[PDB]
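Quick note: numbers below take in every heavy atom, side chains included, and nothing from hydrogens, waters or symmetry partners. Numbering of residues begins at 1 and proceeds along the displayed sequence.
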Amino acid sequence: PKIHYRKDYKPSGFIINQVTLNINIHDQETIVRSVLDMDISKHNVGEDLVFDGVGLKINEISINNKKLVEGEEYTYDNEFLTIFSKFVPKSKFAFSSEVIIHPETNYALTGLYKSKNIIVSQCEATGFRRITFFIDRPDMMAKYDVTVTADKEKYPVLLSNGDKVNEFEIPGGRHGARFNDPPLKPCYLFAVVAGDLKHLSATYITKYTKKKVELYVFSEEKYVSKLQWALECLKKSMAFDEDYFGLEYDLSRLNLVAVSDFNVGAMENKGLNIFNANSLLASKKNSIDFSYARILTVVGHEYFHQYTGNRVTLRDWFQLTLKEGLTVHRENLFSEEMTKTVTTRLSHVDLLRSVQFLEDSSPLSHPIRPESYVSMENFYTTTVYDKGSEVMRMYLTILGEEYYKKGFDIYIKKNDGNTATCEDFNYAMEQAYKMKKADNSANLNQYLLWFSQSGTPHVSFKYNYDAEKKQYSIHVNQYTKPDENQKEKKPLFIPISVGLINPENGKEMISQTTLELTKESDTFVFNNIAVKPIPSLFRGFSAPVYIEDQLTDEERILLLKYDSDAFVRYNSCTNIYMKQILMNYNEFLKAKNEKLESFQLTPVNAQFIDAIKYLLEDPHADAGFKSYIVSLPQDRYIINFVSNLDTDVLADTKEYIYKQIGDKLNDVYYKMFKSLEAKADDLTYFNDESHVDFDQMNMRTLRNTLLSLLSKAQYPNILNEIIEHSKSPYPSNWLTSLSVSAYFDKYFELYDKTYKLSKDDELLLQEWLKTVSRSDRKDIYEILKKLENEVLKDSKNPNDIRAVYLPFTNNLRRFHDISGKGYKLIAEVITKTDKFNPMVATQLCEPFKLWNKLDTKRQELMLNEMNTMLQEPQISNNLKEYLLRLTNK
Ligand SMILES: N=C(N)NCCC[C@H](N)P(=O)(O)O
Ligand SMILES: [Mg+2]
Ligand SMILES: [Mg+2]
Ligand SMILES: [Zn+2]
């Protein structure tokens with residue numbers, strides 16, 4: 001397996017100036033004719049001409065209209081087409097080819113493939129070479145003129161990049177459309193779509209040049225009335241890039257297309273964005289609430305790529321975080337401003353500190369700009385995206401809004417229309433940093449370490465207050481654990497947004513302040529501090545670190561009640577829960593290890609329970625925030641703090657802590673579940689397809705969270721409430737009624753009722769499957785076998801496979817059954833899946849990422865299953881590289 005190294009980057013000895021494609025789609029085959037107008041570059045040294053081309057069936061290849069001869073003039077090995085240099089021209093020339101490919105049997109969903117009755121391409125990162133020969137790398141920029149033909153009845157709508165310049169009939173019931181896209185682009189941004197697509201459309205007029213832009217959103221006919229929210233999101237996304245960044249769309253039309261079979265999220269092909277149906281289609285009747293935020297996020301993200309990815313492009317795939325981390329950051333700024341709820345930021349932090357921190361302490365740990373890869377398919381990770389986003393957001397924290405905007409505009413102005421690397425971004429921000437500090441000797445060289453250093457920094461604190469001098473000191477230390485990528489970790493430039501809270505009245509004691517920690521340790525002193533403060537540290541989660549606040553639980557409760565920053569309140573709550581979890585886990589572990597016949601458990605802090613009740617009862621406090629405070633930290637966050645984690649002991653620890661709090665608060669929870677009904681479930685705008693209320697959906701989250709707490713607790717008569725909830729018009733509610741009924745005899749009755757409500761909408765059925773898969777059932781293994789036999793079957797749809805299996809892998813008691821049966825079951829599904837879709841097979845490996853964090857028995861059981869997968873003769877290259885790296889082999 002070939003290893004690609006970042007420092008080995010060299011420009012091609014060839015240039016491709018023009019691609020002219022003819023893609024003729026037939027019932028049993030698609031024929032692709034391509035002419036590349038090429039040249040020799042200044043880097044050329046008389047080498048062979050080598051094109052990528054994977055899985056292509058050659059009819060013929062030519063140079064300047066003469067056929068080449070296999071063996072004597074070229075070799076093709078199903079991966080690389082090599083033309084010996086003696087036959088390669090020394091000036092401008094045409095290379096032409098005709099190949100056959102088979103989208104109907106392309107179940108890997110890369111290249112050109114059939115999803116239900118739509119033909120669609122997916123080219124990022126290396127899928128264009130599955131369609132035709134190319135030097136398939138993003139620095140090869142070319143013009144594209146593309147013709148597509150097909151059966152007109154089956155494929156009436158034909159789309160590609162650029163302007164549609166000709167439409168024509170063809171004998172035999174066929175038709176054709178030609179699209180010409182003169183601006184240069186990399187091949188990964190090519191797309192084509194053919195299908196019987198229906199649409200909604202609108203015209204958008206840009207803010208400054210007043211250009212009319214036509215917006216089209218497409219799906220199959222069945223679901224066309226689920227497109228309205230996506231169109232509203234697209235308008236919002238355009239407005240926001242205009243408003244915050246001063247950036248307008250440059251083209252005359254933007255198409256969005258929903259397909260049923262897609263490998264996660266969406267894809268930013270220029271003017272032709274293609275989406276997983278689950279991230280474009282929603283209705284109030286047939287979608288859970290989460291779909292609304294998801295579509296806003298994904299439409300926004302693909303829109304924002306038009307500048308950060310499509311106009312300023314990547315030099316090579318090592319720079320992936322430059323488009324993805326920056327687009328995720330732009331996405332996050334947009335979602336925060338659109339939802340106006342503090343839970344939007346919290347949800348991003350919750351994801352990073354569970355999923356991405358687990359990655360970064362695993363054998364898979366990498367920096368956001370990796371140094372090498374085998375499969376670029378395995379580097380579209382939470383590290384590259386979500387830690388990359390936190391690195392891109394730290395420049396805004398460090399600079400502030402005015403100077404961040406100036407630096408960003410520097411980056412855009414200087415690199416628009418050209419390839420770029422992470423350095424070019426850092427350079428732009430530095431120029432803004434020089435301006436901000438008012439000193440041209442200031443630099444961000446140290447900041448570059450966020451791109452090259454792997455692992456999560458730990459930041460810890462000590463304090464000092466001198467009452468006579470009114471002088472307060474914060475002593476800060478940073479440390480990153482050595483790992484396989486750096487033996488010696490260096491200190492990072494860590495911005496620490498801080499406040500100082502007066503514990504007597506809850507007031508701010510200082511103005512906005514961001515500490516710039518640039519050494520291994522530093523002491524920040526503040527004078528004229530009239531009373532000893534409680535420090536509010538890392539406001540907004542201002543760096544992607546482990547925060548060790550060293551505060552007492554009394555101080556944490558005071559921040560939780562009285563601080564002004566949502567993250568710090570949520571984090572204080574999280575730190576109270578973690579101290580309790582680690583204490584009880586160790587008490588349970590000692591009792592299990594010592595086989596004790598009796599033992600004691602430390603109860604949950606009473607003043608902390610009181611603070612929760614105080615917040616829940618405040619009618620002016622935010623419902624989405626309340627749902628976070630009554631929830632323990634995610635299991636994947638907890639595991640970062642425990643060695644040899646026994647999953648049964650952790651399950652017993654969580655049970656204890658939830659029961660301790662419920663034994664005090666369940667009456668409060670029931671009262672609020674009832675008092676929240678009116679506003680949470682208000683149907684006033686149910687038939688208004690464009691009216692989306694994030695606060696109201698957070699009220700439903702809180703009700704559904706409280707309903708789960710009450711059901712687990714077997715609160716008196718709560719089944720009455722579960723049954724009534726099953727009758728709600730909102731799928732968030734009636735699917736919740738299914739999951740909480742797991743604890744009652746009524747579960748299979750609601751299973752049938754909710755299946756009936758779900759089975760006729762493809763996406764809603766997938767949400768039903770996730771609900772069943774995540775259900776806290778003692779008979780979950782029998783239930784999964786029933787889903788496999790009755791509903792899933794031999795579906796190759798990624799959404800169906802992921803819905804059936806991934807939520808189950810989060811079932812702490814049962815997936816981690818000590819027999820290893822859960823690990824065995826997922827390994828079988830991975831290997832089965834890998835035969836047709838190696839990307840999804842790799843996604844289904846996710847529970848294995850924490851294998852070396854668990855108790856020694858479960859470590860062995862997981863390792864056994866990974867080695868069994870590795871031993872499969874027919875293992876894919878993507879699955880093999882992934883499991884070798886995960887198992888340190
Ligand atoms: N290899 C993959 N996971 N697919 C790449 C497509 C990712 C898109 N650029 P996005 O980040 O916009 O969803
Ligand atoms: Mg083939
Ligand atoms: Mg289907
Ligand atoms: Zn992206």
List the steps, then state whether ring-ring contact (aromatic ring centres under 6.0 Å, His included) holds for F275 with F262. CA-CA 7 Å; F275 297 71; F262 207 78; 8.2 Å; no
[Y] versus [X], side-chain donor and acceptor atoms under 3.5 Å:
X: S876; Y: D834; value: yes
X: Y9; Y: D139; value: yes
X: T842; Y: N878; value: no
X: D817; Y: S819; value: yes

Set out, in order, the CA-CA distance, both residues' side-chain angles and the distance that settles side chain to side chain donor-acceptor pair (under 3.5 Å) for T382 and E359, then state yes or no. CA-CA 8 Å; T382 185; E359 180 164 88; 5.4 Å; no
Residue list, side chain to side chain donor-acceptor pair (under 3.5 Å) with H366, at least two apart or on another chain: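 Expected list: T381.
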Using the benzene-type ring in the case of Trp, are the ring centres of [X] and [Y] under 6.0 Å apart?
X: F425; Y: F451; result: no
X: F815; Y: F808; result: yes
X: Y373; Y: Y5; result: no

Working note: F134 + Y188, criterion ring-ring contact (aromatic ring centres under 6.0 Å, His included); need CA distance, chi angles, decisive distance, verdict. CA-CA 11 Å; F134 208 72; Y188 84 90; over 10 Å; no
Step by step, work out the side-chain contact (heavy atoms from CB on, under 4.5 Å) result for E865 and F848. CA-CA 9 Å; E865 298 297 350; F848 288 124; 4.2 Å; yes
side-chain contact (heavy atoms from CB on, under 4.5 Å) partners for [X], two or more places apart:
X: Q843; answer: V264, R802, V840
X: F14; answer: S12, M38, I40, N44, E47, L49, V88, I135
X: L582; answer: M578, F641, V642
X: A420; answer: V312, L322, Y411, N415, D424

Can you list everything that forms a ring-ring contact (aromatic ring centres under 6.0 Å, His included) with [X]? Sequence neighbours excluded, please.
X: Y479; value: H458
X: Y577; value: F608
X: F541; value: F567

Do [X] side-chain atoms and [Y] backbone N/O form a donor-acceptor pair below 3.5 Å?
X: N106; Y: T110; result: yes
X: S260; Y: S115; result: no
X: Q486; Y: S452; result: yes
X: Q453; Y: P367; result: no

What are the two closest heavy atoms between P491 and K519, and how far apart are they?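 Minimum heavy-atom contact is CB-C, 3.7 Å.
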Which residues share a salt bridge (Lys or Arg N to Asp or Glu O under 4.0 Å) with [X], sequence neighbours left out:
X: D350; value: none
X: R330; value: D241
X: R369; value: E423
X: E331; value: none

Ion pair [X]/[Y], N-O distance below 4.0 Å:
X: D635; Y: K654; value: yes
X: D483; Y: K489; value: yes
X: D648; Y: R858; value: yes
X: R885; Y: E881; value: yes

So, applying side chain to side chain donor-acceptor pair (under 3.5 Å) with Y805, which one of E846, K770, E788 is it?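 Only match with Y805 under side chain to side chain donor-acceptor pair (under 3.5 Å): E788.
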Let me know which of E390, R393, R353 forms a side chain to side chain donor-acceptor pair (under 3.5 Å) with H348.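 Passing option: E390.
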